[PDB]
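Accompanying notes for the structure given below.
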Amino acid sequence: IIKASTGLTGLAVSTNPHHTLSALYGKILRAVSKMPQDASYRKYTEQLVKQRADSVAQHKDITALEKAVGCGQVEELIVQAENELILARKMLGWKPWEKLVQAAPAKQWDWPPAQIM
Amino acid sequence: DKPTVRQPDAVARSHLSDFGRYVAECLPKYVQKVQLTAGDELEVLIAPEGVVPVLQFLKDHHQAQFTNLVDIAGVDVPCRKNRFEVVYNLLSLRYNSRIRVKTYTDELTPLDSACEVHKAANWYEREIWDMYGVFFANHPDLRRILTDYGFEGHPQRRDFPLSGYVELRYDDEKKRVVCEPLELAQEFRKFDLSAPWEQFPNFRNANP
Amino acid sequence: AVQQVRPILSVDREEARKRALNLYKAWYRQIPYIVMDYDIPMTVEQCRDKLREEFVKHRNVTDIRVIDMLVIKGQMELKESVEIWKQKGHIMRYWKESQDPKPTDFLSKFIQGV
Amino acid sequence: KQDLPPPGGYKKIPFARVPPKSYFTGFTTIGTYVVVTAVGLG
Amino acid sequence: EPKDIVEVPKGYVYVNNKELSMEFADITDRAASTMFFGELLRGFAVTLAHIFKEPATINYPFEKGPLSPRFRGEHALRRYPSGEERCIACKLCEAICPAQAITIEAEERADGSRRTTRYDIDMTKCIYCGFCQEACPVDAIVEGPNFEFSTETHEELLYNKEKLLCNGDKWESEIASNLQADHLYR
Amino acid sequence: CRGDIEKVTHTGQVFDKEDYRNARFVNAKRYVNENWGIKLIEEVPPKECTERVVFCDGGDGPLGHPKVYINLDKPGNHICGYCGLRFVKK
Amino acid sequence: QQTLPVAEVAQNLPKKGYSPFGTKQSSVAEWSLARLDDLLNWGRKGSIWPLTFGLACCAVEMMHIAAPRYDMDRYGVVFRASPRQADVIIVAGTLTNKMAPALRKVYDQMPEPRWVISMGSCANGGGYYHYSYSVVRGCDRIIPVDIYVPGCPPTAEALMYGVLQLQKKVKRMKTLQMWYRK
Amino acid sequence: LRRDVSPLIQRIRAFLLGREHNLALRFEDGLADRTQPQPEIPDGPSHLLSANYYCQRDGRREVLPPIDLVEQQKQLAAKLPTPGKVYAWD
Amino acid sequence: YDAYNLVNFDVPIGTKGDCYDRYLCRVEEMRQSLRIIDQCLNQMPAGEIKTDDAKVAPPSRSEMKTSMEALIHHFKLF
Ligand code: SF4
Ligand code: SF4
Ligand code: SF4
Ligand SMILES: [Zn+2]
């Protein structure tokens, strides 16, 4: 039983949301597998993608999956998975797990500016 | 009980503190300092090289969908070495929260345009450029959005005068609206509203 | 006395001078369209003389980021001049019209109080 | 005395959309048009 | 009753959520409303019913619309019942004036009073915000009831001290009645 | 002749005949208030009191000036600095 | 000022009449030109068409004389969008530096006679942005203004009072008498 | 009484409107009185004479500088974290 | 913010996203604001209007013309 409309303009109802979600989570895992293990983003992304893949594997119904995940509808889950895949393929280029490229200068981040010493 | 004192929201404090430590852990390259201000607002103080990779991250992560960008604000603090600061305020509709991402920028040093991340930065980054001279590189078209077409200078810097440099009047010899040096009929009366006694002892040593 | 910064629109002074020459070339090509499409009293030769005067006013600068800032603002004024967004009064703001020429000698400034 | 609501409160302020009364029906309108033009032809 | 395309939650109301009806009675009703201009007939009838309504035109200037005792109009300088001017030149009104219209210059008078030598309000600069009457410790400056003071000439709206004192002399009854009927709110 | 130009105000100001600024009054009236405060506060009599310190309110409570206390030990007339009313002790 | 006349004094005063000139002209040609100017000013004050020039908040009150309570249409006053068909321009809002050649061009394309009403403290004198970098210090430096309506958002009785003052100015216009004395 | 048409025009207007018409203009008997007795404003929580100190209820002086969240864990240590509760906007 | 959690109302949500859905959402906002107005007139407490910190809010005119601290705070805050 598929829904008539998702309630949002411009979003189409997915015919196969389970396979799309599983393929997107597998692509996110294959993207973050190239990252070093000491990076925190890889560990947190692997944890959330593993628990959401367990959620889409335990529940074969659409409405039970949207109730179990709890973050919007399943089309929004597909949108979030594509967004995270884009983010991870940008993380493999940007490499943000290293040190700071520019430290804060002196008297930069203190707000009251003209106080002496 | 104190009914004239605003009570802070603890569920907007603990979640924002855990998320601030989370975003400090996930991006150690760009994030220098996260701080939870009075009023339960979270500030992230990034490097100027990390404007795009931080605002992309908060756009597209599962634990942070800061997909709405409400306003990009420029503050001119001429005391500092990098005088301008640029504040991106982001709203997360999925997790019902707000974040502020602050960076420091000089007028000659360019900044990364967030137009590829959020399309509202197509116009907001123009406005700071019209008012501070903060050049945003890799912008679609960086034009003059609010001031006059023949305006020379950026008005919202603190080194710019309040009444401007020039005025406009109609010349019926040239049959056009001409530009004249400024002469006010009554000058702006600068009031010295400075407090000689300090009133906040908690902000006395907040600078280091 | 030397710092490492992020370049804006140039990486060397010869490249910045080349892009300033691009700006001058495009302004010189856009002069007779400005004289044709605006109802201004200034002619083509006066517009070219004003363009040369505004370039030799900024002849003195040396810094790469400052000259790239000048090139960027000049290209923005040019883009405001190709597409007609400026008016006839905005074009004639380069020539200081409706302004009395202030004297340079000390005697006339002493009589006038300046 | 301060500016306060009366005891028992105010009445229920109407906010819903009530439609105007529609006397006509589409079958009735089509049939009356057919009958009127059939008399008019004669 | 058409079905819902999107299930309406408890705290929300949905517009244009009804399904388009497909039974023949509703199709014939919509067809007759399209062909014979039934909804346009209802709009014409609703329009024609407003000709018979009462006009709300209040016939200016024989009949003037409602005002309030708090109304902000022409600024004016009041006086004591003994006759001395109320304004002690204490300059909180100029300090609080956001457009900085008020200019006060004060000297000691012959009997030793503090009262002004110059009190000018630029009414072309004044924004009629009423901060001066709230910031007045005595009841000297006040928002008068007058708003029919349109001028032919730009300089005539530059109000002097004598013009404000003449406004206080002219409008004293209504200003005093408004201040008597309004002081316990402030 | 017009008598509204050379008439002095209560601030002691008048445009003299050699001034260029009297050309603004050739088509408009010069507004001079005829109700001076000095004569209107000298017209009222002083108030005689027996107690050493008195209070001046200037009229009604919320509609008058802020309350001040005047000490009447010194002989003479003591003037309130707010309203100008004079008190005296017998 | 003048004291408004007491009814004992005012009962001895005769009626003013419609004509500000009076019917006591000496020459028959001067009287005929006076009545022709009276008819011309009656036709001009009987219908002034202001222009839809709403710059800022003041214009929200400008529509409030279009509104059914105040009803500008029974005063000859009806809005026209084109500047050629309009008599009056009502500067209702904040004239800025980018707004100056647009207002001057719109006023210059309007045909003469041209009466201008400055609505609000931003229109005359600059007002609350008088010390701003990009606000013209009143519209009197650009467009010549006949009526100046004082209030920051003028009440709509005060804007219509400015309209009636403009109608009294139009009724006081002397053109043919000046032509006879030119 | 109210300024209104005769009932024939009333029923014509009510038939053309499609609903029972109520008057869109205010009247004197259907509005509040313009003249009215003087009110009294009730006092708040801090108008008590005793046990009111400003420092116990000082709103401006309880504001602290913002806490460095990286250093807060370091000086306090000597279900993924979300910035708020999940709202389903679908 | 400011007793919007003590009032109850519905939120108009469109579907198509065109001008007609936004117009219907605006008129439905005008309809729901009537019941928020009804709740606000139904419950209104009797109390003060300003906060009683006199260093952030101006005092009453009777306290300004009677007491000393209210006159000092009126002077300073104005
Ligand atoms: S606040 Fe009142 S008494 Fe004080 S200077 Fe202004 S008008 Fe005069
Ligand atoms: S009402 Fe406002 S703008 Fe006008 S004089 Fe008073 S404080 Fe100034
Ligand atoms: S005069 Fe006042 S109301 Fe009018 S545009 Fe300016 S601020 Fe707005
Ligand atoms: Zn006193």
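Residues in the structure tokens are named by chain (A, B, ... in the order shown) and by number from 1 within that chain; ligands are numbered from 1 in the order shown.
All residues, whether protein, DNA or RNA, that have an atom at most 7 Å from ligand 2 (counting only C-alpha atoms and all ligand atoms) are residues 75, 93, 94, 96, 97, 98, 99, 100, 101, 102, 121, 125, 126, 127, 128, 129, 130, 131, 132 and 133 of chain E.
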Next, the residues of the selection above should be written as a PDB file, in the first residue's frame with N, CA, C and O atoms.
```
ATOM      1  N   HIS E  75       3.433  68.797  18.530  1.00  0.00           N
ATOM      2  CA  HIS E  75       4.108  69.057  19.800  1.00  0.00           C
ATOM      3  C   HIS E  75       3.819  70.476  20.285  1.00  0.00           C
ATOM      4  O   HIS E  75       3.654  71.406  19.494  1.00  0.00           O
ATOM      5  N   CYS E  93      14.341  65.510  26.843  1.00  0.00           N
ATOM      6  CA  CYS E  93      13.599  65.320  25.599  1.00  0.00           C
ATOM      7  C   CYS E  93      14.522  65.325  24.391  1.00  0.00           C
ATOM      8  O   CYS E  93      14.341  64.530  23.466  1.00  0.00           O
ATOM      9  N   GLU E  94      15.518  66.214  24.385  1.00  0.00           N
ATOM     10  CA  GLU E  94      16.483  66.248  23.292  1.00  0.00           C
ATOM     11  C   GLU E  94      17.417  65.044  23.352  1.00  0.00           C
ATOM     12  O   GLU E  94      17.824  64.508  22.312  1.00  0.00           O
ATOM     13  N   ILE E  96      16.469  62.124  24.406  1.00  0.00           N
ATOM     14  CA  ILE E  96      15.672  60.955  24.047  1.00  0.00           C
ATOM     15  C   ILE E  96      15.070  61.067  22.650  1.00  0.00           C
ATOM     16  O   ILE E  96      14.539  60.068  22.138  1.00  0.00           O
ATOM     17  N   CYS E  97      15.155  62.238  22.009  1.00  0.00           N
ATOM     18  CA  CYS E  97      14.569  62.419  20.681  1.00  0.00           C
ATOM     19  C   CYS E  97      15.377  61.622  19.666  1.00  0.00           C
ATOM     20  O   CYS E  97      16.568  61.897  19.478  1.00  0.00           O
ATOM     21  N   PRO E  98      14.780  60.618  19.014  1.00  0.00           N
ATOM     22  CA  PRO E  98      15.587  59.719  18.181  1.00  0.00           C
ATOM     23  C   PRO E  98      15.992  60.347  16.864  1.00  0.00           C
ATOM     24  O   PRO E  98      17.016  59.968  16.286  1.00  0.00           O
ATOM     25  N   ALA E  99      15.215  61.309  16.376  1.00  0.00           N
ATOM     26  CA  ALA E  99      15.588  61.994  15.146  1.00  0.00           C
ATOM     27  C   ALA E  99      16.376  63.263  15.437  1.00  0.00           C
ATOM     28  O   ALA E  99      16.807  63.954  14.506  1.00  0.00           O
ATOM     29  N   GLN E 100      16.571  63.575  16.727  1.00  0.00           N
ATOM     30  CA  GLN E 100      17.285  64.742  17.252  1.00  0.00           C
ATOM     31  C   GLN E 100      16.716  66.057  16.732  1.00  0.00           C
ATOM     32  O   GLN E 100      17.467  66.944  16.316  1.00  0.00           O
ATOM     33  N   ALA E 101      15.388  66.185  16.745  1.00  0.00           N
ATOM     34  CA  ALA E 101      14.756  67.400  16.244  1.00  0.00           C
ATOM     35  C   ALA E 101      14.883  68.549  17.236  1.00  0.00           C
ATOM     36  O   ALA E 101      15.005  69.713  16.836  1.00  0.00           O
ATOM     37  N   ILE E 102      14.858  68.247  18.535  1.00  0.00           N
ATOM     38  CA  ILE E 102      14.803  69.291  19.551  1.00  0.00           C
ATOM     39  C   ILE E 102      16.187  69.890  19.759  1.00  0.00           C
ATOM     40  O   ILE E 102      17.180  69.167  19.912  1.00  0.00           O
ATOM     41  N   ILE E 121      11.807  72.771  17.836  1.00  0.00           N
ATOM     42  CA  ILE E 121      11.504  71.424  17.372  1.00  0.00           C
ATOM     43  C   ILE E 121      11.318  71.471  15.864  1.00  0.00           C
ATOM     44  O   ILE E 121      10.445  72.186  15.361  1.00  0.00           O
ATOM     45  N   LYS E 125      11.566  67.115  10.993  1.00  0.00           N
ATOM     46  CA  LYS E 125      12.430  66.043  11.475  1.00  0.00           C
ATOM     47  C   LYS E 125      11.739  65.211  12.551  1.00  0.00           C
ATOM     48  O   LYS E 125      12.072  64.036  12.729  1.00  0.00           O
ATOM     49  N   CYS E 126      10.794  65.810  13.285  1.00  0.00           N
ATOM     50  CA  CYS E 126      10.059  65.112  14.340  1.00  0.00           C
ATOM     51  C   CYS E 126       9.226  63.969  13.774  1.00  0.00           C
ATOM     52  O   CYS E 126       8.545  64.118  12.757  1.00  0.00           O
ATOM     53  N   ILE E 127       9.301  62.807  14.430  1.00  0.00           N
ATOM     54  CA  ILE E 127       8.623  61.617  13.936  1.00  0.00           C
ATOM     55  C   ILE E 127       7.368  61.305  14.717  1.00  0.00           C
ATOM     56  O   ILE E 127       6.755  60.252  14.481  1.00  0.00           O
ATOM     57  N   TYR E 128       6.996  62.177  15.666  1.00  0.00           N
ATOM     58  CA  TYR E 128       5.724  62.138  16.393  1.00  0.00           C
ATOM     59  C   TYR E 128       5.619  60.860  17.218  1.00  0.00           C
ATOM     60  O   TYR E 128       4.593  60.179  17.231  1.00  0.00           O
ATOM     61  N   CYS E 129       6.722  60.530  17.892  1.00  0.00           N
ATOM     62  CA  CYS E 129       6.835  59.245  18.570  1.00  0.00           C
ATOM     63  C   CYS E 129       6.419  59.347  20.028  1.00  0.00           C
ATOM     64  O   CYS E 129       6.143  58.330  20.675  1.00  0.00           O
ATOM     65  N   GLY E 130       6.371  60.560  20.564  1.00  0.00           N
ATOM     66  CA  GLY E 130       5.930  60.765  21.922  1.00  0.00           C
ATOM     67  C   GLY E 130       6.923  60.388  22.992  1.00  0.00           C
ATOM     68  O   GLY E 130       6.516  60.185  24.137  1.00  0.00           O
ATOM     69  N   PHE E 131       8.212  60.279  22.663  1.00  0.00           N
ATOM     70  CA  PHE E 131       9.201  59.964  23.687  1.00  0.00           C
ATOM     71  C   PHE E 131       9.476  61.171  24.574  1.00  0.00           C
ATOM     72  O   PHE E 131       9.881  61.019  25.734  1.00  0.00           O
ATOM     73  N   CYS E 132       9.254  62.379  24.047  1.00  0.00           N
ATOM     74  CA  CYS E 132       9.564  63.586  24.804  1.00  0.00           C
ATOM     75  C   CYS E 132       8.576  63.808  25.941  1.00  0.00           C
ATOM     76  O   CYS E 132       8.969  64.255  27.022  1.00  0.00           O
ATOM     77  N   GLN E 133       7.295  63.497  25.727  1.00  0.00           N
ATOM     78  CA  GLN E 133       6.317  63.689  26.794  1.00  0.00           C
ATOM     79  C   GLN E 133       6.438  62.609  27.863  1.00  0.00           C
ATOM     80  O   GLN E 133       6.067  62.830  29.020  1.00  0.00           O
TER      81      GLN E 133
END
```
Write out as a PDB file with N, CA and C atoms, in the first residue's frame each polymer residue whose atoms come within 12 Å of residue 15 (chain E), counting only C-alpha atoms; drop sequence neighbours fewer than 4 positions from it.
```
ATOM      1  N   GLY A   7       3.000  14.902   0.510  1.00  0.00           N
ATOM      2  CA  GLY A   7       2.660  16.122   1.202  1.00  0.00           C
ATOM      3  C   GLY A   7       3.556  17.300   0.895  1.00  0.00           C
TER       4      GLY A   7
ATOM      5  N   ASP E   4      -9.159  12.739   1.523  1.00  0.00           N
ATOM      6  CA  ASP E   4      -7.944  13.506   1.753  1.00  0.00           C
ATOM      7  C   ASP E   4      -6.789  12.896   0.971  1.00  0.00           C
ATOM      8  N   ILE E   5      -6.088  13.733   0.204  1.00  0.00           N
ATOM      9  CA  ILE E   5      -4.858  13.292  -0.448  1.00  0.00           C
ATOM     10  C   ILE E   5      -3.771  13.051   0.593  1.00  0.00           C
ATOM     11  N   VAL E   6      -3.609  13.994   1.516  1.00  0.00           N
ATOM     12  CA  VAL E   6      -2.625  13.917   2.588  1.00  0.00           C
ATOM     13  C   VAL E   6      -3.389  13.857   3.903  1.00  0.00           C
ATOM     14  N   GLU E   7      -3.006  12.921   4.773  1.00  0.00           N
ATOM     15  CA  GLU E   7      -3.657  12.773   6.070  1.00  0.00           C
ATOM     16  C   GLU E   7      -3.344  13.974   6.954  1.00  0.00           C
ATOM     17  N   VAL E   8      -4.388  14.671   7.379  1.00  0.00           N
ATOM     18  CA  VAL E   8      -4.231  15.926   8.115  1.00  0.00           C
ATOM     19  C   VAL E   8      -3.885  15.610   9.568  1.00  0.00           C
ATOM     20  N   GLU E  19      -9.685  15.592  -2.738  1.00  0.00           N
ATOM     21  CA  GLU E  19      -9.616  14.929  -4.031  1.00  0.00           C
ATOM     22  C   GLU E  19     -10.683  15.486  -4.966  1.00  0.00           C
TER      23      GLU E  19
ATOM     24  N   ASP I  10      -4.453  26.153  14.828  1.00  0.00           N
ATOM     25  CA  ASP I  10      -4.026  25.299  13.733  1.00  0.00           C
ATOM     26  C   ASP I  10      -3.185  26.106  12.754  1.00  0.00           C
ATOM     27  N   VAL I  11      -2.354  25.407  11.993  1.00  0.00           N
ATOM     28  CA  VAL I  11      -1.396  26.022  11.081  1.00  0.00           C
ATOM     29  C   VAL I  11      -1.811  25.681   9.653  1.00  0.00           C
ATOM     30  N   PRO I  12      -1.997  26.668   8.774  1.00  0.00           N
ATOM     31  CA  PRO I  12      -2.397  26.370   7.392  1.00  0.00           C
ATOM     32  C   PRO I  12      -1.218  25.866   6.571  1.00  0.00           C
ATOM     33  N   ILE I  13      -1.387  24.693   5.965  1.00  0.00           N
ATOM     34  CA  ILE I  13      -0.359  24.061   5.146  1.00  0.00           C
ATOM     35  C   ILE I  13      -0.912  23.872   3.741  1.00  0.00           C
ATOM     36  N   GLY I  14      -0.178  24.367   2.740  1.00  0.00           N
ATOM     37  CA  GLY I  14      -0.557  24.163   1.358  1.00  0.00           C
ATOM     38  C   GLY I  14       0.016  22.879   0.782  1.00  0.00           C
ATOM     39  N   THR I  15      -0.406  22.566  -0.441  1.00  0.00           N
ATOM     40  CA  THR I  15       0.067  21.373  -1.133  1.00  0.00           C
ATOM     41  C   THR I  15       0.745  21.688  -2.458  1.00  0.00           C
ATOM     42  N   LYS I  16       0.106  22.484  -3.317  1.00  0.00           N
ATOM     43  CA  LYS I  16       0.634  22.722  -4.657  1.00  0.00           C
ATOM     44  C   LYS I  16       1.797  23.706  -4.668  1.00  0.00           C
ATOM     45  N   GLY I  17       1.825  24.657  -3.737  1.00  0.00           N
ATOM     46  CA  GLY I  17       2.896  25.631  -3.702  1.00  0.00           C
ATOM     47  C   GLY I  17       2.750  26.789  -4.660  1.00  0.00           C
ATOM     48  N   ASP I  18       1.586  26.954  -5.278  1.00  0.00           N
ATOM     49  CA  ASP I  18       1.342  28.036  -6.218  1.00  0.00           C
ATOM     50  C   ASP I  18       0.844  29.270  -5.467  1.00  0.00           C
ATOM     51  N   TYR I  20      -2.280  30.244  -5.415  1.00  0.00           N
ATOM     52  CA  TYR I  20      -3.591  29.951  -4.845  1.00  0.00           C
ATOM     53  C   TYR I  20      -3.465  29.298  -3.475  1.00  0.00           C
ATOM     54  N   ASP I  21      -2.491  28.395  -3.312  1.00  0.00           N
ATOM     55  CA  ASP I  21      -2.263  27.763  -2.016  1.00  0.00           C
ATOM     56  C   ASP I  21      -1.721  28.758  -0.998  1.00  0.00           C
ATOM     57  N   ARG I  22      -0.876  29.693  -1.439  1.00  0.00           N
ATOM     58  CA  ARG I  22      -0.364  30.718  -0.533  1.00  0.00           C
ATOM     59  C   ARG I  22      -1.448  31.716  -0.146  1.00  0.00           C
ATOM     60  N   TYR I  23      -2.335  32.054  -1.090  1.00  0.00           N
ATOM     61  CA  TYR I  23      -3.467  32.926  -0.791  1.00  0.00           C
ATOM     62  C   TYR I  23      -4.436  32.263   0.184  1.00  0.00           C
ATOM     63  N   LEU I  24      -4.721  30.971  -0.020  1.00  0.00           N
ATOM     64  CA  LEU I  24      -5.572  30.230   0.905  1.00  0.00           C
ATOM     65  C   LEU I  24      -4.915  30.071   2.271  1.00  0.00           C
ATOM     66  N   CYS I  25      -3.587  29.917   2.304  1.00  0.00           N
ATOM     67  CA  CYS I  25      -2.854  29.866   3.565  1.00  0.00           C
ATOM     68  C   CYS I  25      -2.913  31.198   4.304  1.00  0.00           C
ATOM     69  N   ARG I  26      -2.857  32.316   3.574  1.00  0.00           N
ATOM     70  CA  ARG I  26      -2.932  33.626   4.220  1.00  0.00           C
ATOM     71  C   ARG I  26      -4.328  33.912   4.765  1.00  0.00           C
ATOM     72  N   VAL I  27      -5.373  33.558   4.010  1.00  0.00           N
ATOM     73  CA  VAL I  27      -6.732  33.770   4.511  1.00  0.00           C
ATOM     74  C   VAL I  27      -7.040  32.811   5.664  1.00  0.00           C
ATOM     75  N   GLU I  28      -6.491  31.592   5.621  1.00  0.00           N
ATOM     76  CA  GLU I  28      -6.631  30.683   6.754  1.00  0.00           C
ATOM     77  C   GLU I  28      -5.838  31.158   7.970  1.00  0.00           C
ATOM     78  N   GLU I  29      -4.724  31.868   7.755  1.00  0.00           N
ATOM     79  CA  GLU I  29      -4.020  32.520   8.858  1.00  0.00           C
ATOM     80  C   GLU I  29      -4.874  33.616   9.487  1.00  0.00           C
TER      81      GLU I  29
END
```
Exercise for review: Compute the set of protein, DNA and RNA residues whose minimum atom distance to ligand 3 is at most 10 Å, using only C-alpha atoms and all ligand atoms, and state it as a VMD selection string.
Suggested key: (chain E and resid 124 to 129) or (chain G and resid 54 to 61 91 to 95 118 to 129 149 to 155)
Check your understanding: Once you count only C-alpha atoms and all ligand atoms, which residues end up within 9 Å of ligand 1, and could you hand them over as a PyMOL selection string?
Key -> chain E and resi 77-78+86-96+102+104+115-116+119+132-142
Exercise for review: Select all residues from chain F having any atom no more than 12 Å from an atom of chain G (counting only C-alpha atoms, ignoring ligands), output as number ranges by chain.
Suggested key: F: 4, 28-34
Exercise for review: Give me, as a list in words, the contact residues of chain E against chain F at a cut-off of 8 Å, counting only C-alpha atoms.
Suggested key: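 So the residues of chain E near chain F are residues 80, 81, 82, 83, 84, 85, 86, 88, 113, 114, 117, 137, 138, 139, 162, 163, 165, 166, 179, 180, 183 and 184 of chain E.
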Quick one: write out the picked residues with C-alpha atoms as a compact mmCIF listing (two decimals), in the first residue's frame?
```
# COMPACT_ATOMS: atom_id res chain seq x y z
CA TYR E 80 1.58 76.16 34.96
CA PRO E 81 -1.85 77.34 36.20
CA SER E 82 -0.06 80.31 37.81
CA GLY E 83 1.28 81.23 34.37
CA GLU E 84 4.99 80.35 34.51
CA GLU E 85 6.22 78.14 31.68
CA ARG E 86 6.69 74.52 32.68
CA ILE E 88 12.83 73.79 33.17
CA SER E 113 15.01 80.42 37.00
CA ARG E 114 16.31 77.69 34.69
CA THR E 117 16.18 80.87 25.83
CA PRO E 137 9.65 65.16 34.37
CA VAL E 138 7.21 68.07 34.57
CA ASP E 139 4.38 68.03 32.03
CA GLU E 162 7.16 81.17 20.56
CA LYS E 163 5.22 78.93 18.16
CA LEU E 165 4.14 78.50 23.47
CA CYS E 166 1.33 79.78 21.23
CA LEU E 179 -3.61 64.58 30.52
CA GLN E 180 -6.28 64.40 33.22
CA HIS E 183 -2.05 60.24 33.53
CA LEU E 184 -2.92 57.11 35.53
```
Counting only C-alpha atoms, a student should be able to say which residues of chain B come within 9 Å of chain E; what is the right answer, written as a CSV table (one decimal) with N, CA and C atoms, in the first residue's frame?
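Now in part24.csv:
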```csv
chain,number,residue,atom,x,y,z
B,188,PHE,N,25.1,66.7,13.1
B,188,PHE,CA,24.7,65.6,14.0
B,188,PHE,C,25.4,65.8,15.4
B,189,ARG,N,24.5,66.0,16.4
B,189,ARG,CA,25.0,66.2,17.8
B,189,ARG,C,25.4,64.9,18.4
B,191,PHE,N,26.4,62.6,21.2
B,191,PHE,CA,26.1,62.6,22.6
B,191,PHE,C,27.1,61.6,23.2
```
Review point. Quick one: distance from CA of residue 108 (chain B) to CA of residue 25 (chain C) in Å, one decimal?
Key: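 Interatomic distance, CA of residue 108 (chain B) to CA of residue 25 (chain C): 24.8 Å.
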Exercise for review: Could you tell me which of F:89, F:52, F:25, F:47 comes closest to ligand 4 if we count only C-alpha atoms and all ligand atoms?
Suggested key: F:47
Practice item. Go through I:30, I:57, I:71, I:37 and flag the residue nearest chain B, using only C-alpha atoms for the distances. Key: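 The shortest atom-to-atom distance to chain B comes from I:57.
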Exercise for review: Once DSSP has gone over the backbone, tell me which residues of region 27-72 of chain H are in alpha helix (DSSP H), as an NGL selection string.
Suggested key: :H and (69-72)
**Study point:** Neighbour list for residue 52 (chain G) as a list in words, cut-off 9 Å, only C-alpha atoms, skip fewer than 2 positions in-chain
**Key:** residues 50, 54, 79, 80, 81, 82, 83, 86, 89 and 90 of chain G
Just C-alpha atoms for this one: save the residues we selected as an mmCIF file, in the first residue's frame.
```
data_model
loop_
_atom_site.group_PDB
_atom_site.id
_atom_site.type_symbol
_atom_site.label_atom_id
_atom_site.label_comp_id
_atom_site.auth_asym_id
_atom_site.auth_seq_id
_atom_site.Cartn_x
_atom_site.Cartn_y
_atom_site.Cartn_z
ATOM 1 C CA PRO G 50 -2.748 62.475 -7.937
ATOM 2 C CA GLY G 54 4.276 55.588 -3.010
ATOM 3 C CA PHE G 79 -5.312 57.828 -8.570
ATOM 4 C CA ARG G 80 -3.712 57.646 -12.017
ATOM 5 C CA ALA G 81 -0.739 55.416 -12.783
ATOM 6 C CA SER G 82 0.668 57.268 -15.789
ATOM 7 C CA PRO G 83 2.423 60.579 -15.002
ATOM 8 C CA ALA G 86 -1.926 62.999 -13.387
ATOM 9 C CA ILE G 89 2.458 63.922 -7.341
ATOM 10 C CA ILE G 90 2.263 62.978 -3.669
#
```
Practice item. Pick out the chain I residues within 10 Å of chain D. Count only C-alpha atoms. Give them as an MDAnalysis selection string. Key: chainID I and resid 28 30:47
Exercise for review: Give the residues of chain H that lie within 8 Å of chain A; count only C-alpha atoms, and format the answer as a list in words.
Suggested key: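 Listing them in order of chain and number gives residues 80, 86, 87, 88, 89 and 90 of chain H.
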Write to file, as a PDB file, in the first residue's frame, the residues of the selection just made, with C-alpha atoms.
```
ATOM      1  CA  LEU H  80      24.307  10.088  18.818  1.00  0.00           C
ATOM      2  CA  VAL H  86      13.476  15.456  16.336  1.00  0.00           C
ATOM      3  CA  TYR H  87      10.603  17.360  14.727  1.00  0.00           C
ATOM      4  CA  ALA H  88       8.755  15.617  11.893  1.00  0.00           C
ATOM      5  CA  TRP H  89       7.949  18.210   9.238  1.00  0.00           C
ATOM      6  CA  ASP H  90       7.662  15.271   6.758  1.00  0.00           C
TER       7      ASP H  90
END
```
Check your understanding: Which residues come within 6 Å of region 23-37 of chain D, counting only C-alpha atoms, excluding same-chain residues fewer than 4 positions away, as a PyMOL selection string?
Key -> chain E and resi 28-29+32
Just N, CA, C and O atoms for this one: save the residues we selected as an mmCIF file, in the first residue's frame.
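selection-v6.cif written:
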```cif
data_model
loop_
_atom_site.group_PDB
_atom_site.id
_atom_site.type_symbol
_atom_site.label_atom_id
_atom_site.label_comp_id
_atom_site.auth_asym_id
_atom_site.auth_seq_id
_atom_site.Cartn_x
_atom_site.Cartn_y
_atom_site.Cartn_z
ATOM 1 N N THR E 28 -21.390 16.900 -13.181
ATOM 2 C CA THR E 28 -22.421 17.737 -13.795
ATOM 3 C C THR E 28 -22.600 19.062 -13.058
ATOM 4 O O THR E 28 -22.885 20.079 -13.698
ATOM 5 N N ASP E 29 -22.421 19.073 -11.731
ATOM 6 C CA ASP E 29 -22.504 20.323 -10.975
ATOM 7 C C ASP E 29 -21.360 21.270 -11.331
ATOM 8 O O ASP E 29 -21.582 22.468 -11.567
ATOM 9 N N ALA E 32 -21.967 22.534 -14.927
ATOM 10 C CA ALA E 32 -22.955 23.603 -15.018
ATOM 11 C C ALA E 32 -22.442 24.905 -14.417
ATOM 12 O O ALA E 32 -22.794 25.985 -14.907
#
```
Practice item. Provide as a PyMOL selection string the residues of chain B at most 8 Å from chain A, counting only C-alpha atoms. Key: chain B and resi 25-32+47+53+56-57+60-62+77+79-82+94+206-208
